[PDB]
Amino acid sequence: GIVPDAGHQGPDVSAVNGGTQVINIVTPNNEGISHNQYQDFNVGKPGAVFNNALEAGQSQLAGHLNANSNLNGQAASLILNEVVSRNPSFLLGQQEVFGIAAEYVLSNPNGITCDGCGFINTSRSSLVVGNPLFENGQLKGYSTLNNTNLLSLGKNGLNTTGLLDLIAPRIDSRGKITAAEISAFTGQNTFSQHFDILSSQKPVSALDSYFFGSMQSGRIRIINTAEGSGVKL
């Protein structure tokens, strides 16, 4: 399911009970960013729990858990999950931040597919079909340049009580998206770490996005930078 990278940014991964995965995220940097790298990142119906706790307590999906000692007393402000292989990601269940609420990012330039997935105890969750941009260990933004892959949301939809960002060369959504706010940025873009669009490529051929399904949110923004490409619905 979730397979950590073998290097220093691979978190400790285990699973409990019916297979709910538990990820002790790696120590956050001075900016509060826990940068976790994976060979595989997939979530099933049992869900997954990111341990961002400074003290032991009760998680929603995985029962009682100890504090995450990797935190060294400072919880992450952003939990950044980066797939560094060629494997695409499938999210079929809930992902919970246990402990201190945090921002969540999954970056996978090979593609991300949600179907009945969701986020618990996140202020903001972003799905990025692209790569994070680092400079001297500091997160500077994200890139969907030179990428034509797809963020796909299935008929069982996606739900969160927090903010949601969907970032990909193209997006295809067929189910209900429930979020406090929905921000969808399509095309080939350079982003700041707050998802400001800094610049955009013109794709070699059209990159069309399809939102079908529905959206249950008080604020929706869709920005498509691929001139001549459309938002179908």
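Numbers for residues come from their place in the sequence shown, where the first is 1.
Just going by the entry, 75-83 versus 115-123 on mean CA temperature factor gives the higher value to 115-123.
According to the PDB record, 52-60 carries the higher mean C-alpha B-factor of the two stretches 35-43 and 52-60. In this entry, the residue among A168, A179, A67, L207 with the greatest C-alpha B factor is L207. For the set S183, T190, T186, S173, the maximum C-alpha B-factor listed in the entry falls on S173. Ranked by Cα temperature factor within the chain, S199 sits in the highest third according to the deposited record.
Ranked by C-alpha B-factor against the other modelled residues of its chain, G10 falls in the middle third.
Split the chain's modelled residues into thirds by C-alpha temperature factor. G130 is in the lowest one.
When the modelled residues of the chain are ordered by C-alpha B-factor, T144 sits in the lowest third. Ranked by Cα temperature factor within the chain, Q21 sits in the lowest third according to the deposited record.
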